[PDB]
>>> print(open('my_file_24.cif').read())   # mmCIF, C-alpha atoms and all ligand atoms
data_run
loop_
_atom_site.label_atom_id
_atom_site.label_comp_id
_atom_site.auth_asym_id
_atom_site.auth_seq_id
_atom_site.Cartn_x
_atom_site.Cartn_y
_atom_site.Cartn_z
CA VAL A 1 0.00 0.00 0.00
CA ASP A 2 1.32 3.53 -0.71
CA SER A 3 0.31 5.00 2.64
CA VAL A 4 2.69 6.36 5.30
CA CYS A 5 0.95 4.02 7.74
CA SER A 6 1.57 0.99 5.65
CA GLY A 7 4.07 -1.13 7.49
CA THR A 8 4.57 -1.94 11.12
CA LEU A 9 7.71 -1.73 13.23
CA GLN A 10 7.29 -3.51 16.59
CA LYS A 11 10.89 -3.70 17.80
CA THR A 12 14.09 -1.96 16.74
CA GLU A 13 15.44 -5.47 16.03
CA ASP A 14 13.08 -5.58 13.05
CA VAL A 15 15.09 -2.86 11.27
CA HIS A 16 17.45 -4.66 8.95
CA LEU A 17 20.27 -3.10 6.99
CA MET A 18 21.44 -5.29 4.21
CA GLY A 19 24.76 -5.06 2.44
CA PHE A 20 24.63 -5.74 -1.27
CA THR A 21 27.81 -6.12 -3.29
CA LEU A 22 28.90 -4.29 -6.41
CA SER A 23 29.67 -7.63 -7.93
CA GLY A 24 25.99 -8.35 -7.48
CA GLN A 25 25.49 -5.19 -9.49
CA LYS A 26 27.34 -6.78 -12.43
CA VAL A 27 30.34 -4.50 -11.84
CA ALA A 28 33.86 -5.65 -12.84
CA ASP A 29 35.56 -6.91 -9.69
CA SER A 30 38.99 -8.10 -10.97
CA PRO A 31 41.74 -6.65 -8.70
CA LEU A 32 43.17 -4.57 -11.50
CA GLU A 33 39.71 -3.21 -12.32
CA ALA A 34 38.50 -2.92 -8.75
CA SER A 35 41.52 -0.88 -7.78
CA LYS A 36 40.65 1.72 -10.40
CA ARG A 37 37.78 2.69 -8.07
CA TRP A 38 40.02 3.24 -5.07
CA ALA A 39 42.04 6.40 -4.44
CA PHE A 40 44.09 8.23 -1.83
CA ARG A 41 43.21 11.56 -0.30
CA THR A 42 43.71 13.82 2.65
CA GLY A 43 41.30 16.06 4.56
CA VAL A 44 38.60 13.41 4.76
CA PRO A 45 37.84 11.64 8.03
CA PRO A 46 36.94 7.99 7.60
CA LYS A 47 33.45 7.10 8.77
CA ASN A 48 32.01 3.75 9.75
CA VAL A 49 28.38 2.57 10.06
CA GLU A 50 26.86 -0.60 11.41
CA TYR A 51 24.63 -2.89 9.34
CA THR A 52 22.87 -6.23 10.05
CA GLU A 53 22.93 -8.70 7.14
CA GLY A 54 24.76 -8.98 3.86
CA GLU A 55 25.08 -10.75 0.59
CA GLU A 56 27.54 -13.60 0.23
CA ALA A 57 30.44 -11.91 -1.57
CA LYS A 58 31.78 -13.02 -4.92
CA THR A 59 35.12 -11.47 -4.41
CA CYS A 60 36.90 -9.78 -1.54
CA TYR A 61 40.21 -8.09 -0.95
CA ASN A 62 42.79 -8.32 1.82
CA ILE A 63 44.98 -5.32 1.20
CA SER A 64 48.01 -3.60 2.68
CA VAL A 65 49.44 -0.49 1.06
CA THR A 66 52.20 1.64 2.36
CA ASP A 67 54.36 4.50 1.35
CA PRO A 68 57.91 3.72 0.18
CA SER A 69 59.24 4.00 3.75
CA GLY A 70 57.04 1.03 4.79
CA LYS A 71 54.47 3.08 6.72
CA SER A 72 50.98 2.08 5.93
CA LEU A 73 48.81 4.38 3.86
CA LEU A 74 45.86 2.39 5.15
CA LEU A 75 44.39 2.89 8.58
CA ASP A 76 44.82 0.31 11.29
CA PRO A 77 41.52 -1.52 11.84
CA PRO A 78 39.37 -0.56 14.85
CA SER A 79 38.39 -3.21 17.41
CA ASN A 80 34.99 -3.71 15.72
CA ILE A 81 36.40 -4.44 12.20
CA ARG A 82 36.33 -8.12 11.37
CA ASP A 83 36.98 -9.86 8.06
CA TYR A 84 33.96 -10.02 5.77
CA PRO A 85 31.87 -13.03 6.72
CA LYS A 86 31.44 -14.91 3.49
CA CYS A 87 33.82 -14.43 0.57
CA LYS A 88 34.07 -16.89 -2.26
CA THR A 89 37.45 -15.62 -3.47
CA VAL A 90 39.83 -13.34 -1.54
CA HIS A 91 42.44 -11.24 -3.29
CA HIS A 92 45.42 -10.79 -1.03
CA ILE A 93 47.47 -7.81 -2.09
CA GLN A 94 50.49 -6.27 -0.42
CA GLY A 95 52.63 -3.45 -1.77
CA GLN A 96 53.72 0.19 -1.77
CA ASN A 97 52.80 3.47 -3.46
CA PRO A 98 55.55 5.74 -4.79
CA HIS A 99 53.68 9.05 -4.49
CA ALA A 100 50.35 8.82 -2.68
CA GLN A 101 49.04 10.56 0.43
CA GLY A 102 46.12 10.24 2.81
CA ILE A 103 43.66 7.36 3.08
CA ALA A 104 41.90 5.04 0.65
CA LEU A 105 38.51 6.43 -0.36
CA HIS A 106 36.07 4.68 -2.67
CA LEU A 107 35.44 6.81 -5.76
CA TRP A 108 31.84 5.81 -6.40
CA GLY A 109 30.80 6.72 -2.88
CA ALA A 110 30.24 3.00 -2.29
CA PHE A 111 31.26 1.41 0.93
CA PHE A 112 34.03 -0.90 1.98
CA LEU A 113 32.18 -3.74 3.60
CA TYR A 114 33.50 -5.82 6.44
CA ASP A 115 31.70 -7.95 9.02
CA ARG A 116 28.56 -5.95 9.84
CA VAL A 117 30.39 -2.63 9.33
CA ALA A 118 30.48 -0.40 6.26
CA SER A 119 33.15 2.19 5.78
CA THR A 120 34.16 5.15 3.68
CA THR A 121 37.74 3.81 3.79
CA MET A 122 39.92 0.73 3.39
CA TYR A 123 41.40 -0.83 6.49
CA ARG A 124 44.82 -2.39 6.39
CA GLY A 125 44.82 -6.17 6.36
CA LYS A 126 41.11 -6.66 6.65
CA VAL A 127 39.00 -8.59 4.24
CA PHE A 128 36.43 -6.49 2.50
CA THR A 129 34.12 -6.34 -0.46
CA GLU A 130 32.63 -3.34 -2.14
CA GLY A 131 28.94 -2.59 -1.75
CA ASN A 132 26.03 -0.44 -0.61
CA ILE A 133 23.43 -0.96 2.08
CA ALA A 134 19.62 -0.76 2.16
CA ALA A 135 17.16 -0.37 5.04
CA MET A 136 13.98 -2.36 5.49
CA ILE A 137 11.50 -3.79 7.97
CA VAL A 138 11.55 -7.52 8.53
CA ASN A 139 9.75 -9.07 11.47
CA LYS A 140 11.19 -12.11 13.22
CA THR A 141 8.68 -14.43 11.59
CA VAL A 142 9.76 -13.29 8.14
CA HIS A 143 13.39 -13.40 9.26
CA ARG A 144 13.07 -16.94 10.59
CA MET A 145 11.71 -18.28 7.33
CA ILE A 146 14.53 -16.86 5.20
CA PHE A 147 17.63 -17.65 7.27
CA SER A 148 16.22 -20.63 9.24
CA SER B 1 54.13 -25.30 -9.97
CA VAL B 2 51.12 -23.12 -9.10
CA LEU B 3 50.82 -22.16 -12.78
CA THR B 4 50.55 -25.31 -14.86
CA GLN B 5 52.74 -25.90 -17.86
CA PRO B 6 53.23 -28.89 -20.15
CA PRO B 7 55.94 -31.14 -18.65
CA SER B 8 57.20 -31.67 -22.21
CA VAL B 9 56.66 -30.27 -25.75
CA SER B 10 58.31 -31.35 -29.05
CA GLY B 11 58.45 -30.25 -32.70
CA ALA B 12 60.42 -30.53 -35.95
CA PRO B 13 62.36 -27.60 -37.41
CA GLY B 14 60.34 -25.08 -39.44
CA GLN B 15 57.26 -25.96 -37.41
CA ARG B 16 54.95 -23.81 -35.34
CA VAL B 17 54.88 -24.83 -31.64
CA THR B 18 52.77 -23.76 -28.62
CA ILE B 19 53.46 -23.83 -24.84
CA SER B 20 50.45 -23.38 -22.50
CA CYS B 21 50.21 -21.85 -18.98
CA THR B 22 46.89 -22.12 -17.10
CA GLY B 23 46.34 -20.98 -13.52
CA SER B 24 43.48 -20.05 -11.22
CA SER B 25 41.27 -17.01 -10.71
CA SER B 26 44.12 -15.24 -8.94
CA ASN B 27 47.23 -15.57 -11.15
CA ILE B 28 45.97 -14.98 -14.70
CA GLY B 29 42.21 -15.02 -14.59
CA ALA B 30 42.34 -11.95 -12.35
CA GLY B 31 43.72 -10.08 -15.29
CA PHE B 32 47.39 -10.10 -14.41
CA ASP B 33 50.01 -10.11 -17.14
CA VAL B 34 51.96 -13.15 -18.12
CA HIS B 35 55.76 -13.28 -18.59
CA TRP B 36 57.86 -16.00 -20.28
CA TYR B 37 61.46 -17.07 -19.73
CA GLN B 38 63.86 -19.16 -21.73
CA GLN B 39 66.45 -21.30 -20.07
CA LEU B 40 69.19 -23.00 -21.99
CA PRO B 41 70.74 -26.06 -20.27
CA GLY B 42 73.15 -24.99 -17.56
CA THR B 43 72.40 -21.25 -17.88
CA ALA B 44 70.36 -18.53 -16.19
CA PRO B 45 66.82 -17.67 -17.48
CA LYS B 46 66.31 -15.06 -20.21
CA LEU B 47 63.35 -12.69 -20.42
CA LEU B 48 61.63 -14.00 -23.55
CA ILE B 49 58.06 -12.56 -23.57
CA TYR B 50 56.78 -9.86 -21.21
CA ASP B 51 53.35 -8.22 -20.53
CA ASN B 52 51.55 -11.13 -22.23
CA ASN B 53 52.75 -10.53 -25.79
CA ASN B 54 55.67 -8.11 -25.96
CA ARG B 55 59.24 -8.90 -27.15
CA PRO B 56 62.37 -7.34 -25.60
CA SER B 57 64.95 -6.31 -28.17
CA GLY B 58 67.15 -9.35 -28.75
CA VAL B 59 64.20 -11.73 -29.22
CA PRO B 60 63.20 -12.95 -32.77
CA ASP B 61 59.80 -12.22 -34.45
CA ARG B 62 59.46 -16.01 -34.51
CA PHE B 63 58.39 -15.71 -30.87
CA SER B 64 55.00 -14.35 -29.80
CA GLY B 65 52.80 -14.38 -26.67
CA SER B 66 49.04 -14.66 -26.11
CA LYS B 67 46.53 -14.49 -23.22
CA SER B 68 42.83 -15.44 -22.97
CA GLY B 69 40.78 -16.38 -19.91
CA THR B 70 42.82 -18.30 -17.35
CA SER B 71 45.40 -19.31 -19.96
CA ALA B 72 48.43 -17.90 -21.67
CA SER B 73 50.54 -19.42 -24.39
CA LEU B 74 53.83 -18.98 -26.19
CA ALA B 75 54.06 -19.32 -29.96
CA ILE B 76 57.18 -20.18 -31.87
CA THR B 77 57.05 -20.04 -35.65
CA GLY B 78 59.86 -21.34 -37.83
CA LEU B 79 61.12 -23.55 -34.96
CA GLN B 80 64.91 -23.68 -34.86
CA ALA B 81 67.18 -26.24 -33.18
CA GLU B 82 68.47 -23.27 -31.12
CA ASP B 83 65.13 -23.08 -29.42
CA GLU B 84 65.53 -26.37 -27.50
CA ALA B 85 65.35 -25.21 -23.97
CA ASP B 86 63.32 -25.05 -20.70
CA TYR B 87 60.38 -22.61 -20.73
CA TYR B 88 58.77 -20.88 -17.73
CA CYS B 89 55.55 -18.75 -17.37
CA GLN B 90 55.20 -15.85 -14.81
CA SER B 91 52.13 -14.02 -13.37
CA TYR B 92 51.22 -11.85 -10.38
CA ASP B 93 49.18 -13.76 -7.80
CA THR B 94 46.46 -12.70 -5.35
CA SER B 95 46.22 -16.04 -3.54
CA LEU B 96 47.87 -17.11 -0.29
CA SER B 97 50.70 -18.25 -2.52
CA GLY B 98 53.00 -15.21 -2.85
CA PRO B 99 52.69 -12.31 -5.30
CA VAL B 100 55.12 -13.82 -7.82
CA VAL B 101 54.30 -17.18 -9.21
CA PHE B 102 56.05 -19.47 -11.69
CA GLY B 103 54.81 -22.38 -13.68
CA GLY B 104 56.01 -25.97 -13.51
CA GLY B 105 58.46 -25.54 -16.45
CA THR B 106 58.38 -27.01 -19.98
CA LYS B 107 60.95 -29.29 -21.70
CA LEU B 108 60.91 -27.93 -25.28
CA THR B 109 62.58 -30.67 -27.36
CA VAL B 110 63.36 -29.72 -30.96
CA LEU B 111 63.94 -32.76 -33.24
CA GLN B 112 67.40 -34.29 -33.50
CA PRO B 113 68.56 -37.24 -35.62
CA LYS B 114 70.22 -40.33 -34.13
CA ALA B 115 73.77 -39.63 -32.96
CA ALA B 116 76.41 -42.26 -32.17
CA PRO B 117 78.60 -41.55 -29.11
CA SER B 118 82.20 -40.37 -29.20
CA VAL B 119 84.04 -42.55 -26.68
CA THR B 120 87.50 -41.83 -25.31
CA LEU B 121 89.06 -44.13 -22.73
CA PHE B 122 91.98 -43.06 -20.59
CA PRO B 123 94.26 -45.34 -18.54
CA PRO B 124 95.03 -44.37 -14.93
CA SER B 125 97.39 -41.39 -14.67
CA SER B 126 100.95 -42.22 -13.59
CA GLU B 127 100.78 -39.47 -10.97
CA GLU B 128 97.54 -41.01 -9.67
CA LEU B 129 99.12 -44.48 -9.62
CA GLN B 130 101.86 -43.10 -7.34
CA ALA B 131 99.01 -42.36 -4.82
CA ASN B 132 98.13 -46.13 -4.70
CA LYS B 133 94.85 -45.46 -6.53
CA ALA B 134 93.82 -46.14 -10.10
CA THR B 135 90.86 -45.07 -12.13
CA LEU B 136 89.91 -45.57 -15.76
CA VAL B 137 88.09 -42.70 -17.43
CA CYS B 138 85.50 -43.65 -20.06
CA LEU B 139 84.03 -40.58 -21.75
CA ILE B 140 81.15 -40.66 -24.23
CA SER B 141 79.52 -37.45 -25.41
CA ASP B 142 77.75 -35.92 -28.45
CA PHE B 143 74.94 -38.49 -28.69
CA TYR B 144 71.13 -38.65 -29.00
CA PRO B 145 68.90 -39.81 -27.46
CA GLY B 146 70.24 -39.73 -23.88
CA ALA B 147 70.56 -43.51 -23.27
CA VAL B 148 73.68 -45.73 -23.12
CA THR B 149 74.98 -49.01 -21.63
CA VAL B 150 78.50 -49.21 -20.19
CA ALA B 151 80.39 -52.50 -19.86
CA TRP B 152 83.81 -53.05 -18.28
CA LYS B 153 85.88 -56.19 -18.92
CA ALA B 154 89.29 -57.24 -17.64
CA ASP B 155 90.72 -58.93 -20.73
CA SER B 156 87.81 -60.86 -22.22
CA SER B 157 86.00 -61.27 -18.87
CA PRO B 158 83.45 -58.53 -17.85
CA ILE B 159 83.21 -57.48 -14.22
CA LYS B 160 80.51 -55.20 -12.78
CA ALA B 161 82.43 -53.91 -9.78
CA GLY B 162 84.06 -50.60 -8.83
CA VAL B 163 81.87 -48.76 -11.37
CA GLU B 164 80.67 -45.14 -11.00
CA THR B 165 78.59 -44.13 -14.05
CA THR B 166 76.80 -40.79 -14.68
CA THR B 167 73.38 -39.96 -16.13
CA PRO B 168 73.37 -38.39 -19.63
CA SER B 169 73.21 -34.62 -19.78
CA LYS B 170 72.85 -32.50 -22.85
CA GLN B 171 75.50 -30.06 -24.00
CA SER B 172 75.04 -26.71 -25.76
CA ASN B 173 74.42 -28.67 -28.99
CA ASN B 174 71.54 -30.50 -27.20
CA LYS B 175 73.31 -33.83 -27.56
CA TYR B 176 73.94 -35.84 -24.45
CA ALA B 177 77.19 -36.63 -22.63
CA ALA B 178 78.04 -39.34 -20.05
CA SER B 179 81.13 -40.39 -18.12
CA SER B 180 82.04 -43.68 -16.45
CA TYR B 181 84.75 -44.34 -13.89
CA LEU B 182 86.33 -47.69 -12.96
CA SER B 183 88.00 -47.81 -9.54
CA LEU B 184 90.79 -50.38 -9.26
CA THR B 185 93.89 -50.88 -7.21
CA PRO B 186 97.05 -50.39 -9.37
CA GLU B 187 97.80 -54.13 -9.12
CA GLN B 188 94.51 -55.05 -10.78
CA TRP B 189 95.31 -52.64 -13.59
CA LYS B 190 98.69 -54.36 -13.98
CA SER B 191 97.43 -57.95 -13.54
CA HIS B 192 95.27 -57.98 -16.65
CA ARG B 193 96.49 -57.74 -20.25
CA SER B 194 93.99 -55.12 -21.28
CA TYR B 195 90.88 -53.35 -20.06
CA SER B 196 87.96 -52.48 -22.26
CA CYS B 197 85.12 -50.05 -21.85
CA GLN B 198 82.34 -50.64 -24.36
CA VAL B 199 79.29 -48.47 -24.87
CA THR B 200 76.15 -49.70 -26.63
CA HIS B 201 74.05 -47.13 -28.52
CA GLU B 202 71.55 -47.73 -31.38
CA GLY B 203 72.45 -51.41 -31.84
CA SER B 204 75.98 -50.38 -32.70
CA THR B 205 78.60 -51.03 -29.81
CA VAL B 206 81.99 -48.98 -29.74
CA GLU B 207 84.67 -51.01 -27.91
CA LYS B 208 87.85 -48.79 -27.11
CA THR B 209 90.68 -50.53 -25.11
CA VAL B 210 93.75 -49.66 -22.99
CA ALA B 211 96.65 -51.57 -21.45
CA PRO B 212 99.52 -51.02 -18.95
CA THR B 213 101.95 -49.25 -21.34
CA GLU B 214 104.57 -47.11 -19.55
CA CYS B 215 106.39 -44.36 -21.41
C1 LIG A 301 44.70 -10.59 5.43
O1 LIG A 301 46.04 -10.20 5.12
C2 LIG A 301 46.85 -9.94 6.28
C3 LIG A 301 48.19 -9.47 5.75
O2 LIG A 301 48.06 -8.31 4.94
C4 LIG A 301 46.94 -11.20 7.15
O3 LIG A 301 47.49 -10.82 8.40
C5 LIG A 301 48.55 -11.60 8.94
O4 LIG A 301 48.07 -12.42 10.01
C6 LIG A 301 49.04 -13.32 10.58
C7 LIG A 301 48.35 -14.06 11.70
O5 LIG A 301 47.75 -13.17 12.65
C8 LIG A 301 50.29 -12.57 11.02
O6 LIG A 301 51.34 -13.50 11.29
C9 LIG A 301 52.03 -13.44 12.54
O7 LIG A 301 52.60 -12.14 12.76
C10 LIG A 301 53.35 -12.00 13.98
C11 LIG A 301 53.78 -10.55 14.06
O8 LIG A 301 52.67 -9.67 14.14
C12 LIG A 301 54.52 -12.98 13.99
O9 LIG A 301 55.22 -12.91 15.22
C13 LIG A 301 54.01 -14.41 13.77
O10 LIG A 301 55.11 -15.31 13.68
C14 LIG A 301 53.13 -14.51 12.53
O11 LIG A 301 53.91 -14.41 11.34
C15 LIG A 301 50.74 -11.58 9.95
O12 LIG A 301 51.84 -10.81 10.42
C16 LIG A 301 49.59 -10.66 9.55
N1 LIG A 301 50.05 -9.63 8.64
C17 LIG A 301 49.80 -8.32 8.81
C18 LIG A 301 50.47 -7.39 7.84
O13 LIG A 301 49.06 -7.90 9.70
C19 LIG A 301 45.56 -11.81 7.36
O14 LIG A 301 45.69 -13.08 7.99
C20 LIG A 301 44.80 -11.99 6.04
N2 LIG A 301 43.47 -12.51 6.28
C21 LIG A 301 43.06 -13.71 5.85
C22 LIG A 301 41.62 -14.05 6.12
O15 LIG A 301 43.81 -14.50 5.28
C1 LIG A 302 25.43 2.57 -8.28
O1 LIG A 302 25.52 1.75 -9.43
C2 LIG A 302 25.69 2.52 -10.61
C3 LIG A 302 25.58 1.61 -11.81
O2 LIG A 302 26.84 0.99 -12.05
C4 LIG A 302 27.02 3.24 -10.59
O3 LIG A 302 27.15 4.01 -11.78
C5 LIG A 302 28.50 4.02 -12.25
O4 LIG A 302 29.18 5.18 -11.77
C6 LIG A 302 30.54 5.31 -12.22
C7 LIG A 302 31.11 6.53 -11.53
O5 LIG A 302 30.34 7.70 -11.77
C8 LIG A 302 30.58 5.37 -13.74
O6 LIG A 302 31.93 5.39 -14.18
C9 LIG A 302 29.88 4.15 -14.33
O7 LIG A 302 29.84 4.26 -15.75
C10 LIG A 302 28.45 4.01 -13.78
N1 LIG A 302 27.84 2.78 -14.26
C11 LIG A 302 26.81 2.74 -15.13
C12 LIG A 302 26.37 1.38 -15.56
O8 LIG A 302 26.26 3.76 -15.55
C13 LIG A 302 26.95 4.16 -9.41
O9 LIG A 302 28.17 4.87 -9.31
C14 LIG A 302 26.76 3.28 -8.21
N2 LIG A 302 26.82 4.05 -7.00
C15 LIG A 302 26.92 3.44 -5.84
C16 LIG A 302 26.81 4.31 -4.65
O10 LIG A 302 27.09 2.25 -5.74
#
>>> encode(input="my_file_24.cif", output="structure tokens")
Amino acid sequence: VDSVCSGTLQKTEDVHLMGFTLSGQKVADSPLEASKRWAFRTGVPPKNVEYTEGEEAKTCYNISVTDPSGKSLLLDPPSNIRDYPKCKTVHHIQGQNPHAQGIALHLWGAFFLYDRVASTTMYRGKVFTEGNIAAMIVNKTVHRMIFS
Amino acid sequence: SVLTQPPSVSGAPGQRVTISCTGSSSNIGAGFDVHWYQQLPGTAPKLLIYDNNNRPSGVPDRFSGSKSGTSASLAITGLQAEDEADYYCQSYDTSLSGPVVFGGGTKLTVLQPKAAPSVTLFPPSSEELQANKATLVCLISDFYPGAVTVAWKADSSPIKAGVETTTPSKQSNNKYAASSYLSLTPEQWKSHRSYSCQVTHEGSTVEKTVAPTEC
């Protein structure tokens, strides 16, 4: 129904934020292609946001990037950053950048997805996949049937 | 070994030959370039093909590279005998296996005709004999294929004892070479009239002989 009143939210638990991948959006995810969407920049503070469920990822990345001196250009992961839950193929990459400064920011405005945490930046050594999230109401009964 | 290559590939001269290299999603399938190396027997690898299909100056137009899907291949047109070597494929890797990955390696064998061995047998050195030791040096090289039988016989009676024989190994001309040593005491060398080392290749047996002749 198109009405504002259509829909019921009984507990906060029934708000579900789902992470959908860019691979699921038929976007090229090869490491060489994927990296063309990532870029370094200063003056931007990385932000993180919690979500509840996510799509099984086609591909993920486990990346460490430094400057020539060996100092990471990627931020150390916060306590609450865990490797993405379900990746079919992880791309482990470790290297250095000759002339880059700041932090890794996704170009499309998409998020770096980890385990129930989306971010505007790439965390060093943590498994992630690219994606976006969407909010919806799912009651427990509906939730129980899907996941079981 | 992570990238898979043909254990062995052959071909006649003037022929077009192909050497494959297929990996996983990580090494090639991910989109990473493929590099090829040439290794002549006993030497260090040479950059043959880089960035999938490019030739560094010093490489013939006879050589060409190609990539499609999870595979990459090397093409040789106008196959020369010079080309007989060991071939290796390279690709960046995103798997647990490290960034740089090599293939298993390929024995490229360009056709050779049958070649009878050149056998030279030397009697124990007089200097060596002074040390109370005595060895006979049987040397057969320039032959193909790499397979020979060595027989040692005091006079007319063969004896399979004191024998140290090598495995054939090809030379720069891609023909094999093998050496055999017979360890005797100087008195055994003296006791018999003559010693004979005979090598059997292609149904034809070469029987050189030596004897205790001081001069
Ligand atoms: C994602 O990639 C990172 C590397 O970029 C992997 O992290 C590595 O985790 C292992 C195990 O925790 C670390 O090994 C140990 O390191 C300590 C020193 O910190 C050393 O004393 C031990 O002997 C051992 O080698 C490794 O250092 C660490 N690397 C970094 C740069 O943090 C991570 O495991 C990858 N994730 C997955 C799911 O594979
Ligand atoms: C949402 O998905 C669309 C569709 O792919 C993305 O659009 C791409 O945006 C980039 C950057 O502007 C362009 O280079 C591509 O050509 C666009 N794709 C298409 C098919 O038009 C959009 O950027 C995505 N945004 C988020 C937040 O995920």
>>> closest_residue(input="my_file_24.cif", among="B:96, B:121, B:161, B:115", to="chain A", atoms="all atoms listed in the file")
B:96
>>> closest_residue(input="my_file_24.cif", among="B:95, B:174, B:80, B:71", to="chain A", atoms="all atoms listed in the file")
B:95
>>> atom_distance(input="my_file_24.cif", atom1="atom CA of residue 215 of chain B", atom2="atom CA of residue 118 of chain B")
25.7 Å
>>> interface_residues(input="my_file_24.cif", of="chain B", to="chain A", cutoff="10 Å", atoms="all atoms listed in the file", output="ChimeraX atom specification")
/B:25-26,29-32,92-99
>>> write_last_selection(input="my_file_24.cif", atoms="C-alpha atoms", output="compact mmCIF listing (two decimals), in the frame of the given file")
# COMPACT_ATOMS: atom_id res chain seq x y z
CA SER B 25 41.27 -17.01 -10.71
CA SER B 26 44.12 -15.24 -8.94
CA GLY B 29 42.21 -15.02 -14.59
CA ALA B 30 42.34 -11.95 -12.35
CA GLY B 31 43.72 -10.08 -15.29
CA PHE B 32 47.39 -10.10 -14.41
CA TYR B 92 51.22 -11.85 -10.38
CA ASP B 93 49.18 -13.76 -7.80
CA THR B 94 46.46 -12.70 -5.35
CA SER B 95 46.22 -16.04 -3.54
CA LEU B 96 47.87 -17.11 -0.29
CA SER B 97 50.70 -18.25 -2.52
CA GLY B 98 53.00 -15.21 -2.85
CA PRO B 99 52.69 -12.31 -5.30
>>> atom_distance(input="my_file_24.cif", atom1="atom CA of residue 101 of chain A", atom2="atom CA of residue 73 of chain A")
7.1 Å
>>> residues_near_point(input="my_file_24.cif", point="(53.2, -26.7, -37.1)", cutoff="12 Å", atoms="only C-alpha atoms", output="PyMOL selection string")
chain B and resi 10-18+75-79
>>> residues_near_ligand(input="my_file_24.cif", ligand="ligand LIG 302 (chain A)", cutoff="10 Å", atoms="all atoms listed in the file", output="mmCIF file with C-alpha atoms, keeping the file's coordinate frame")
data_model
loop_
_atom_site.group_PDB
_atom_site.id
_atom_site.type_symbol
_atom_site.label_atom_id
_atom_site.label_comp_id
_atom_site.auth_asym_id
_atom_site.auth_seq_id
_atom_site.Cartn_x
_atom_site.Cartn_y
_atom_site.Cartn_z
ATOM 1 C CA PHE A 20 24.630 -5.740 -1.270
ATOM 2 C CA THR A 21 27.810 -6.120 -3.290
ATOM 3 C CA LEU A 22 28.900 -4.290 -6.410
ATOM 4 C CA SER A 23 29.670 -7.630 -7.930
ATOM 5 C CA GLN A 25 25.490 -5.190 -9.490
ATOM 6 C CA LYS A 26 27.340 -6.780 -12.430
ATOM 7 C CA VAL A 27 30.340 -4.500 -11.840
ATOM 8 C CA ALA A 28 33.860 -5.650 -12.840
ATOM 9 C CA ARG A 37 37.780 2.690 -8.070
ATOM 10 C CA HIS A 106 36.070 4.680 -2.670
ATOM 11 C CA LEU A 107 35.440 6.810 -5.760
ATOM 12 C CA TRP A 108 31.840 5.810 -6.400
ATOM 13 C CA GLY A 109 30.800 6.720 -2.880
ATOM 14 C CA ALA A 110 30.240 3.000 -2.290
ATOM 15 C CA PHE A 111 31.260 1.410 0.930
ATOM 16 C CA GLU A 130 32.630 -3.340 -2.140
ATOM 17 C CA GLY A 131 28.940 -2.590 -1.750
ATOM 18 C CA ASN A 132 26.030 -0.440 -0.610
ATOM 19 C CA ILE A 133 23.430 -0.960 2.080
#
>>> atom_distance(input="my_file_24.cif", atom1="atom CA of residue 42 of chain A", atom2="atom CA of residue 122 of chain A")
13.6 Å
>>> residues_around(input="my_file_24.cif", residues="residue 77 of chain A", least_positions_apart="3", cutoff="10 Å", atoms="all atoms listed in the file", output="VMD selection string")
chain A and resid 74 80 to 82 122 to 126
>>> residues_around(input="my_file_24.cif", residues="segment 197-213 of chain B", least_positions_apart="4", cutoff="10 Å", atoms="all atoms listed in the file", output="PyMOL selection string")
chain B and resi 114-124+136-140+143-155+158+180-182+186+189-193
>>> residues_around(input="my_file_24.cif", residues="residue 23 of chain B", least_positions_apart="4", cutoff="9 Å", atoms="all atoms listed in the file", output="PyMOL selection string")
chain B and resi 2-4+27-29+70-72+103
>>> closest_residue(input="my_file_24.cif", among="B:84, B:164, B:33, B:187", to="residue 52 of chain B", atoms="all atoms listed in the file")
B:33
>>> residues_around(input="my_file_24.cif", residues="segment 126-134 of chain B", least_positions_apart="4", cutoff="7 Å", atoms="all atoms listed in the file", output="MDAnalysis selection string")
chainID B and resid 183:186
>>> closest_residue(input="my_file_24.cif", among="A:4, A:17, A:137, A:127", to="ligand LIG 301 (chain A)", atoms="only C-alpha atoms and all ligand atoms")
A:127
>>> residues_around(input="my_file_24.cif", residues="residue 88 of chain B", least_positions_apart="2", cutoff="12 Å", atoms="only C-alpha atoms", output="PyMOL selection string")
chain B and resi 1-8+19-22+34-40+44-50+72-74+85-86+90-91+101-108
>>> residues_near_point(input="my_file_24.cif", point="(56.4, 2.6, -2.9)", cutoff="9 Å", atoms="only C-alpha atoms", output="list in words")
residues 65, 66, 67, 68, 69, 70, 95, 96, 97, 98, 99 and 100 of chain A
>>> closest_residue(input="my_file_24.cif", among="A:2, A:115, A:53, A:76", to="residue 14 of chain A", atoms="all atoms listed in the file")
A:53
>>> closest_residue(input="my_file_24.cif", among="A:112, A:43, A:119, A:75", to="ligand LIG 301 (chain A)", atoms="all atoms listed in the file")
A:75
